[PDB]
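Visitor: I would like to see how this sequence folds:
(10 chains, ligands or ions: 30)
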Amino acid sequence: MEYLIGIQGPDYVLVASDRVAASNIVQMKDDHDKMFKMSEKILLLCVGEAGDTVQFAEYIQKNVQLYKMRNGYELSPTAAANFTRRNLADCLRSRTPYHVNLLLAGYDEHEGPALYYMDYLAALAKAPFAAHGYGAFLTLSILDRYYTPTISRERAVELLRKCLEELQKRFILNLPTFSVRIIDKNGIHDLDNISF
Amino acid sequence: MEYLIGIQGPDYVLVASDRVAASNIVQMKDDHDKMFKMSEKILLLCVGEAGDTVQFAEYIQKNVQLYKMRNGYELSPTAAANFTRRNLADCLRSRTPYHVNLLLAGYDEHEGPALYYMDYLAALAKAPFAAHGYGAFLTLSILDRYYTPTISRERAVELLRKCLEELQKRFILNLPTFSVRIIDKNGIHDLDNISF
Amino acid sequence: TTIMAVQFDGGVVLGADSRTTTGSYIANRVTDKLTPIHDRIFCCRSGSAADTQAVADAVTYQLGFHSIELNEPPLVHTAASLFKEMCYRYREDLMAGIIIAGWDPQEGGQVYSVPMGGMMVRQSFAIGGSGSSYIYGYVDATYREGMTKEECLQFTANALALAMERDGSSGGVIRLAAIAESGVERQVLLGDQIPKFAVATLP
Amino acid sequence: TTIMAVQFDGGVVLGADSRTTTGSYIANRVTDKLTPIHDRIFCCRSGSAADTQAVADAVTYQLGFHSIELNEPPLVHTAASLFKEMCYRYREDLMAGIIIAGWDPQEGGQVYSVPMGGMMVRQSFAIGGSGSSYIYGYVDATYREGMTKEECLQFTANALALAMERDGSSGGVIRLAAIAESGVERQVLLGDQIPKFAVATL
Amino acid sequence: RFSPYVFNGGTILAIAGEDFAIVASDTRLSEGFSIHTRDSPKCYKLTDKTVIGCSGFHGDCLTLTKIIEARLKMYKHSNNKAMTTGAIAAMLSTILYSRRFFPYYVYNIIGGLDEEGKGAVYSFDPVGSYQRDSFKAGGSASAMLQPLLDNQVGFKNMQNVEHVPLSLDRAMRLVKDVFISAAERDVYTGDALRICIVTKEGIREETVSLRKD
Amino acid sequence: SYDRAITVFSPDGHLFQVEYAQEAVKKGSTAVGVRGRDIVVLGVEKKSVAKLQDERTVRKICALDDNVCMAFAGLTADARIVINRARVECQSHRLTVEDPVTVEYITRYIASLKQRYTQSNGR
Amino acid sequence: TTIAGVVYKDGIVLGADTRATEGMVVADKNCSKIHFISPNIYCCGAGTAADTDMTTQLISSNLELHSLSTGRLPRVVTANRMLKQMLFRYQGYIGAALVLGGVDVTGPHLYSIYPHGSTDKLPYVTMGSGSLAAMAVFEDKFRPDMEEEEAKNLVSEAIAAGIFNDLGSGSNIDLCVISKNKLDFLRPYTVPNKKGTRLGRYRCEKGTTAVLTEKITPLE
Amino acid sequence: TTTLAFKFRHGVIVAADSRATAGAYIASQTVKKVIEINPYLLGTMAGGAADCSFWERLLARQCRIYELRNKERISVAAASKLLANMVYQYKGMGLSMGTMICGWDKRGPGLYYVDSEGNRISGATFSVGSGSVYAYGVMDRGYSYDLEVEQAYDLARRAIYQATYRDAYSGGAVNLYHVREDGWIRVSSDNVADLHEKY
Amino acid sequence: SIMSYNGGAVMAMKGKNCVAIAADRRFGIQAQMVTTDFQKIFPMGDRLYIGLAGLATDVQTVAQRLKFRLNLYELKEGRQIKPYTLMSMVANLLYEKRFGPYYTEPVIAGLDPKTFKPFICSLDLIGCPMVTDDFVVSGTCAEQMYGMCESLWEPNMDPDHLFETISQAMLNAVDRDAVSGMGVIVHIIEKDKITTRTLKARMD
Amino acid sequence: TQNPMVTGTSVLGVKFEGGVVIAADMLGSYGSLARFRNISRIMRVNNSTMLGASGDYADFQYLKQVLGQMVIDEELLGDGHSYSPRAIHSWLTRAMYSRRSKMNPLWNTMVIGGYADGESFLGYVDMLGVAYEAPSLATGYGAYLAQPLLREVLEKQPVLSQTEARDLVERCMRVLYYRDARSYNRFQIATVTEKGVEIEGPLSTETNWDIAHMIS
Ligand SMILES: [Cl-]
Ligand SMILES: [Cl-]
Ligand SMILES: [Cl-]
Ligand SMILES: [Cl-]
Ligand SMILES: [Cl-]
Ligand SMILES: [Cl-]
Ligand SMILES: [Cl-]
Ligand SMILES: [Cl-]
Ligand SMILES: [Cl-]
Ligand SMILES: [Cl-]
Ligand SMILES: [Cl-]
Ligand SMILES: [Cl-]
Ligand SMILES: [Cl-]
Ligand SMILES: [Cl-]
Ligand SMILES: [Cl-]
Ligand SMILES: [Cl-]
Ligand SMILES: [Cl-]
Ligand SMILES: [Cl-]
Ligand SMILES: [Cl-]
Ligand SMILES: [Cl-]
Ligand SMILES: [K+]
Ligand SMILES: [K+]
Ligand SMILES: [K+]
Ligand SMILES: [Mg+2]
Ligand SMILES: [Mg+2]
Ligand SMILES: [Mg+2]
Ligand SMILES: [Mg+2]
Ligand SMILES: [Mg+2]
Ligand SMILES: [Mg+2]
Ligand SMILES: [Mg+2]
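Guide: Numbers count the residues shown, from 1 in each chain, chains lettered A, B, ... in the order given. Ligands and ions are numbered 1, 2, ... in the order given. See the structure here:
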């Protein structure tokens, strides 16, 4: 059980993900990264079945980078989200479906920040905030309660923390640390891990 | 999943248990106590299926207390362990089996400290140390590595801590606090919870 | 198994093959499937050997006691009713297809079928067992109202011989019994005594 | 269904009942189960109607073309072989129990069975279908080497009537065909023309 | 394997007014794709003040109504008064629960007058969970009937509309309309609509024809 | 099983078996209770002395639970039955109500046990 | 569904009801179940509605190519073969149960065609969930060589039996009458069922519905 | 369903939605999920409606018999234990009950979670039902023992509300109760659509 | 049920020289709402729209693949597609997947691009078309929708009356479905304009 | 019964002016095998009441045994009260429901016909305790094949004479023989009027097979 979260402010998208790789009753890695850089202003966050998750995300990543090399400019976040969706949907009924749940976060020069949610069935929804994993059941209502559309990034990192503190308090799984990144006009920034 | 541990020194038995009551993906209580006082010098620690655990442990508790009132003295730890085993075994093939895993810890005036392990099948083993729950898979080897039969109580609490720290590091479930008690010739003593 | 019984004026003829199988192993090739229930009342047994032996033994007991109490020969219809009551009541726990046939002074020669499930019906003639499927046509074409004893024995032997040729679960010898006011006459047809009908080999 | 064919000196007699059922609903009470495959070769069909119609159509095509190429009348044995090849090859996807019968100038009147599974055997007479179980005894007792055409038609009609009485999956009318060097003669027995054997009343 | 249940169709509806209750049902009894009969009402008179509607498995509807009838007489004998609408409801909840592990396959709606003479509707699930309602549809077409009642009786989703008391005349028109609508779309609802109106004067009966296909 | 009606009424409204049971009590050793301000005391005539007796084994003052005790007078073998019944009941109470019994609760239990043995067949 | 057909003295009468259901709910009250094959051949359809539609459309189209090539009116046997060979190949997975009737150079012909690819050539046939009700009417009343009006009466009676006794059937009776000289596609033939009146009126005036947002986009 | 309860300085707050479903069909929006067991004890309905109502009605009967026999009101501990013991015998038979027993006795405000699986636990706060995960998030971020009375009402109300927003199986009206030392009171009933306009 | 995994509801309704189409706004996964502005109705022409209920992924795929085919059609033909022709195009697309279908049951509403005659239809998931002269419904509350439409619809409604009727039919139907709602969008299509409204609606 | 063994097919009934007529073929089938070709599936219960049964024949014989004994018991009292058709139908409903509720049904579908106090009675009871009354009834395949014909005639003319009802029943029996593969062309008709219960048989329908020559 893996957790992803995104929160879109006016000019930025904040994303976080747990850093655990688990197997059976053990955590096998405590500094795992569930984020994939697609381009200077796009992150794909990918969870789900082992093998499928990295294979799918890295395929998308290489194709996004290829588009940049072929054309001299990048796909927009929206175009990248639709490209991702097309591939997942096209594989749904094939001999090689990918059992993956995703967020795509991006910043476009002209359209601003965008956050997209996709499930393994390949339904795509744009959202102001979203979360995947069992931890979403405990945190989405906190986001519904405290969010606003104009939420500043200092305040957004607090809101994120409340979600993460709620997992420490109430969720049955041990998820002690989280990767945190923010995207804006100036590209992808690493923030400090949030750790307990 | 619930965790129980016991460590028997020369003249004492140290026990601990997690304080979590969980349901589905949530902890519903974080100060739960899995220990039942049977008499002045006996604790029964009980985990397993909901309903069965309390119903079984309290039945045993009442009957141990009844023995004391009828006879003017208490059952020994060994006698109490065998009574417990008889009941669990007698129920095993009945319409009302109890799905419970147990430790029984005690001190007897003449025989000293004792620690007993029982599984839901009602196999009974006396042991110098033991544990129940998925957490036992991660802690038993620590006990095998560091235990000795003459282990002092101040060292035994350190050994206990190493086991509990191992659960925080490596176990996939969130078990942040533990009840800790010690039994000796002077009865049952509450120690500080061990918390993270 | 193939079993059969047939009414004539003054009595009945009963017959059976003699094969008991477990799967396709013949565990008894000379089985006696015609069981006496009283002096002049027999049953023909098909289905589970354990079940039909147990039921026949119980009915023999019930009917014997009844007959001593009444100080009279039992009615064939009473024997059949006793089988029916047991086969119906325990229909979920029995695999038993029975023919009850005999003579009594009140109604003469009588044939009753108590098939699986425990219904009961009086018939002019009855057939049962796994091999009966193969002789419905033959019995329907061959039966004639008013057959003599010696004609009924021939009819039975011919029908059973035909069934035995075709049914893997039937075979061995043909056991026959004729029951009348005079008593019970038993015989066995074996080897060359069993009616023979050529295989239709090619011209 | 009940189907039957019987050999005589110079030809064959074929017959069938006319009942097609879905479950215990009679979907066709006047089915024609005797299908011409060539001028003097018929098949009797039992099992899945879709399967037997499809296979019969395909063999008719194959045998027609063969016969034009050879410029000769087809052998009954060739027709049976064609059925057999298809019924055996596709035995896991067909529920088809076929009797092939007819006349040719080389071997005269012949009857072949191609039961489920796709074996093939020549027989003096053949029966098949669900109702055949009830008439094995009757045919075994009644069959006589050397029967005339008029005797074979009677034997078939009697056997089919008996089967039809007892088998819920058989009934309706009796369709008969006689095949010989002179041609094919078809008829239907219906109602009171069907041989009658009393119920054993009292 | 034997199934002890079959679905026999039927739609029921009850409405509480200020001084009346309506209980209505269609009269078709079905099984599989067949009609057993076109004249099988699903309403049963319990007392002068109380009617019950019962749909689902007809075997259970018949047994349950006979049990209720016996229980009302037993009550009257032991307590020297007829059971109230409310007491019938509370009792029915316990009867249904007695079969918690082999339920009566019956949807029940009670309509009648309460002890102040006001309309009362109680609705039940098969194991006896119940509550008082203003109006309620049950059975085969209930999902078809209920939203229109929500709208037209509850005034839901409507702005600038006065929330007037429900007249008998308007309640009757609504009842007939929702059943006619249901008969168009639910294959099980048809033949005729039977309406019982409970007031202080007694119980009166109207019937309206529905499509027979 | 033995179903004789043992305790029955007699003509003046008497229950003679209960009255005879009361006579058995009157021949028992004297027992006294006094309720103090913050103490309650029970004292009983020993029954005997008998120097060769193991004193411990014949006490007529018995703990029912940690907060309740009793003394009795009358048939000692009967008292042992009543005592052990009450002890069982004290543990049931703790089991189901998670409080010790009141003195009144257990007194009431003992009293209704005794009343039942005046109105039940065979006893 | 109830569909049926008869051979009468001079042709074919086909019939059908007009209900389509999804589960036990009526989705269409006026479904057309009598499908065009060619000007002289029609086909009633029961079973899976997309399969009956697409199967009849395909065969009709292939038959048109056939007749364009031959310059001749198509034969009923040809439609029968094309349908059954396709249905057989799909092994019953195409859920089309059909009543095929027409008139060609060899006269009137009527076939029942089942999903697995069996066909029966008969003087009367029925299919669908109402087929037993309709067949009862035929067994009781069919005579060979009926006149046109009697045949139309018989078929509508058979369809009506399905309509009233089968929950899967309803609404109207459609007929198609095919002879050498004429084609009468009678949709509806009879309307034995009608929605009852509305007794109340629920005509909601402007502003009854509260609105959150509105955008008007003018068009050319 | 979403139900919650919590102990605080001024008693126990108890809140619920009012929706019942049969599959995806909304069967009612006026369910009373706070069960008035007696004047000093409340229970809550989640899981199976009949199962909660029937067994809590039996609890009410037994608590009253207790009061008559013993001349004092049963404790919250003892009442929750009676309920647990009643349902334990039926484990595995398909009862579905998840309830909070809420009162105020000699040990002060009392709150126990009891269910058909056999659980019986005391605690500061609980939420039960299909929407419980959503209520926990909001309750947990706002909860304190020292909440003022009106602040506790607002929290309870908002936690249920937010659950109704995310959980398809929760909705209708939010019903709120407050267990005080001299008995419980009904605080408010607010339609979710009217709360939407407010929040 | 696959069809209820995301929930949702669509309906279309005919008026005098106008049509209406409406949909709920919820995107959810079983019990969990994920967003409340999910698009289910898509323009296929200036006066021709398609509404899709069912599995959200297939709602999106069918809309996109349909648009692909329609754009090519219009480029090749040099005209706007007729409503009946769009229906046929959609039927063909769905039936291609007869043996592994898309889990969506579309409704179409529009006006003929040359005559402006009203058209409505629906299709099942394998492409069986049904044209009506009143209304069509598709989704997890079809029964609730049928009940409202049967009771409220009348012939020859003007655009204002059509708007109120379709709105009341949707709002009251979805309010009896756990997995449909979170808002309602309505498009009224007339010869000279499209009017798009979101309704004040329950959000539970 | 968990698994029916020898079974009977349809039973028909129709009300007429002054009585009720019921019909049933005389066959006990064993799967597809037409095994017992001369069995009565109709019982005279008492002077006012008759019963016909589809389904497991052994279970029907049991009901006949029980019911027959119940009427004997009542007749011994000689007290002027007799079970009405409606009372018998009630009893049967309870008996079937009770057996259903023990998960051990009597595997039958029954038609009860009667005439008492100037009223015709016709009632249905199945193995689950589903029971009702109607002007005509048909069990088994009769529900699909005979009931549509019965109801069509009754709509045109709700009140039939005895002879009209009898001719209608014969038409239905013919249809059943053509189209039910478990039927048999030997049947009984039982009539109840003021005069009592009369069972007629064995009867046969005339059949027509002209369609055999109409393939092309
Ligand atoms: Cl042998
Ligand atoms: Cl048998
Ligand atoms: Cl047998
Ligand atoms: Cl056998
Ligand atoms: Cl065929
Ligand atoms: Cl074969
Ligand atoms: Cl064969
Ligand atoms: Cl066959
Ligand atoms: Cl036939
Ligand atoms: Cl205690
Ligand atoms: Cl052909
Ligand atoms: Cl159909
Ligand atoms: Cl409420
Ligand atoms: Cl009590
Ligand atoms: Cl606790
Ligand atoms: Cl819930
Ligand atoms: Cl708040
Ligand atoms: Cl495409
Ligand atoms: Cl017989
Ligand atoms: Cl009789
Ligand atoms: K043999
Ligand atoms: K037959
Ligand atoms: K209807
Ligand atoms: Mg894979
Ligand atoms: Mg258990
Ligand atoms: Mg056995
Ligand atoms: Mg209909
Ligand atoms: Mg096949
Ligand atoms: Mg909704
Ligand atoms: Mg909600």
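
Visitor: Neighbours of residue G:138, how many?
Guide: Burial of residue G:138 is recorded as 24 neighbouring residues (other C-beta atoms under 10 Å in any protein chain shown). Every C-beta, even on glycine, is put in place using the N, C-alpha and C of the backbone.

Visitor: what kind of secondary structure is it in?
Guide: Three-state assignment for residue G:138 (DSSP: H, G, I helix; E, B strand; the rest coil): helix.

Visitor: quick check, residue H:6 in a helix?
Guide: No. Using three-state DSSP, the assignment for residue H:6 is strand, not a helix.

Visitor: what pairs with it across the strands?
Guide: Per DSSP bridges, the residues bridged to residue H:6 are residue H:13, residue H:125.

Visitor: Surely it touches residue H:15?
Guide: No. Assessed by C-beta atoms under 8 Å, residue H:6 is found out of contact with residue H:15, at 9.1 Å.

Visitor: who touches both of the two?
Guide: Here residue H:6 and residue H:15 have residue H:156 as joint contacts, going by C-beta atoms under 8 Å, 6 or more residues apart in numbering or on different chains.

Visitor: quick one: the helices in chain F?
Guide: Assigned by DSSP state H, the helices in chain F fall at F:16-26, F:76-97, F:103-116.

Visitor: biggest strand in chain C, by residue count?
Guide: Counting residues, the longest strand found in chain C (DSSP state E) is strand C:96-104.

Visitor: what does the helix or strand following that strand rub up against?
Guide: Next along the chain after strand C:96-104, taking DSSP states H and E as the criterion, comes strand C:108-114. Contact partners of strand C:108-114, identified using C-beta under 8 Å, 6+ apart, comprise C:5-12, C:76-77, C:80, C:83-84, C:87, C:96-104, C:119-126, C:128, C:179-180, J:36.

Visitor: Out of the helices of chain F, which is the most enclosed?
Guide: Mean neighbours per residue, mean count of other C-beta atoms under 10 Å in any protein chain shown, is largest over the helices of chain F for helix F:76-97, with a mean of 17.

Visitor: Now do the longest helix along chain C against strand C:96-104: the angle between them, please.
Guide: The longest helix of chain C (DSSP H) is helix C:49-70. Orientation check (axes from the mean of the first three to the mean of the last three C-alpha atoms, to 10 degrees): helix C:49-70 against strand C:96-104 gives 30 degrees.

Visitor: Find the residue at the geometric middle of chain I.
Guide: Residue closest to the average C-alpha location in chain I (C-alpha atoms, centre = their mean): residue I:51, at 2.7 Å.

Visitor: Taking chain G, what residue is nearest to ligand 8?
Guide: residue G:118 (13.5 Å; C-beta to the ion).

Visitor: Can you report phi and psi for that residue?
Guide: Taking degrees, to the nearest 10, you get phi -80, psi 150 for the backbone angles of residue G:118.

Visitor: Can you give me the neighbour number for it?
Guide: Look at residue G:118: counted by other C-beta under 10 Å, it has 22 neighbours.

Visitor: Help me confirm that it comes into contact with residue G:84.
Guide: Yes. The pair residue G:118 / residue G:84 is scored as a contact, 7.3 Å apart, by C-beta under 8 Å.

Visitor: Chain neighbours aside, what residue packs nearest to the closest residue to ligand 12 within chain I?
Guide: Across chain I, no residue is closer to ligand 12 than residue I:128, which sits at 13.5 Å (C-beta to the ion). In this structure, residue I:128 finds its nearest non-sequential neighbour in residue G:50, 3.9 Å apart by C-beta to C-beta, 6 or more residues apart in numbering or on different chains.

Visitor: pretty sure that neighbour is in a helix, no?
Guide: Yes. Under the criterion used here (three-state DSSP), residue G:50 sits inside a helix.

Visitor: For it, give me its contacts.
Guide: For residue G:50, the contacting residues are I:91, I:94-95, I:98, I:124, I:126-128, by C-beta under 8 Å, 6+ apart.

Visitor: try residue A:3
Guide: When contacts are counted by C-beta under 8 Å, 6+ apart, residue A:3 touches A:17-18, A:47, A:131-136, A:167, A:175, A:178.

Visitor: just those residues that are near chain B?
Guide: A:134, A:175 (C-beta under 8 Å from any C-beta of the partner chain).

Visitor: which residues are contacting the longest helix of chain C?
Guide: With C-beta under 8 Å, 6+ apart, helix C:49-70 has contacts from C:20, C:31, C:35-38, C:41, C:43, C:45-46, C:73-74, C:78-79, C:82-83, C:86-87, C:94-96, C:98.

Visitor: Dig out what the residue positioned nearest the centre of chain H forms beta bridges with.
Guide: The centre of chain H sits closest to residue H:44, judged by C-alpha atoms, centre = their mean, with a distance of 3.3 Å. Beta-bridge partners recorded for residue H:44 (DSSP bridges): residue H:34.

Visitor: closest point of chain J to ligand 29, which residue?
Guide: Nearest to ligand 29, among the residues of chain J, is residue J:130, at 35.9 Å (C-beta to the ion).

Visitor: Count the neighbours of that residue for me.
Guide: By the criterion of other C-beta under 10 Å, residue J:130 has 24 neighbours.

Visitor: surely it meets residue E:58?
Guide: Yes. The pair residue J:130 and residue E:58 passes the contact test of C-beta under 8 Å, sitting 4.7 Å apart.

Visitor: Mutual contacts of the two, please.
Guide: E:6, E:8.

Visitor: if we can go back for a sec, tell me who's in contact with the residue of chain G closest to ligand 8.
Guide: Going by C-beta under 8 Å, 6+ apart, residue G:118 touches D:48-50, D:53, G:84.

Visitor: Columns neighbour count on top of the residues you listed, output as JSON lines?
Guide: Formatted as JSON lines, these follow (neighbours: other C-beta atoms under 10 Å in any protein chain shown):
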{"residue": "D:48", "neighbour count": "17"}
{"residue": "D:49", "neighbour count": "25"}
{"residue": "D:50", "neighbour count": "22"}
{"residue": "D:53", "neighbour count": "20"}
{"residue": "G:84", "neighbour count": "23"}
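
Visitor: Thanks again, I'm all set now.
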